[PDB]
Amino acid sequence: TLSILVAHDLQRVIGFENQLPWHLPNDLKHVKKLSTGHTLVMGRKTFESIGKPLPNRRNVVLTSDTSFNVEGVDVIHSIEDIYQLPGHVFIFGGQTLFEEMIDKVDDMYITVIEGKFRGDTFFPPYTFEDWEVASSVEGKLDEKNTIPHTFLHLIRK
């Protein structure tokens, strides 16, 4: 299974100056629950913005840099290498990897952040004409999660 995992706003903003524009604990839990025990594939800039692998799953980084070798991270150098990865693989960002992979994935786990933020990186445009809504669940608002948000699971038709 090859999936996209992404959070984007009403205009498909995903990032700003190598950071997420929002702070949403419910979304991090969501990500943990989905990917624990599986594989995350991410671009080099995305990895460096956090700088540490996420524990309890395989962390894979795509980069042209043949000197890359981080403790607890696996490296690949070609998009083609993604297909050799075993198990459930989640394309985890950022913009460049999303653009490269959106036409190739089976399904998408999207957190729609119902706001308009300033961004410099975007999720590519897509149409529901090509994607069936397997599920759509509103996030609960509270003290620490104060932006409305919706978890979508979309499956390519």
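So that there is no doubt, residue numbering starts at 1 and follows the sequence shown.
In this entry, 44-52 has the higher mean Cα B-factor, the comparison being between 44-52 and 116-124. For the pair 94-102 and 64-72, the mean Cα B-factor is higher in 64-72.
In this PDB entry, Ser135 carries a Cα temperature factor that places it within the lowest third of its chain's modelled residues. Split the chain's modelled residues into thirds by C-alpha temperature factor. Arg156 is in the middle one. The PDB entry assigns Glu17 a C-alpha temperature factor belonging to the middle third of its chain's modelled residues. Split the chain's modelled residues into thirds by C-alpha temperature factor. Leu28 is in the highest one.
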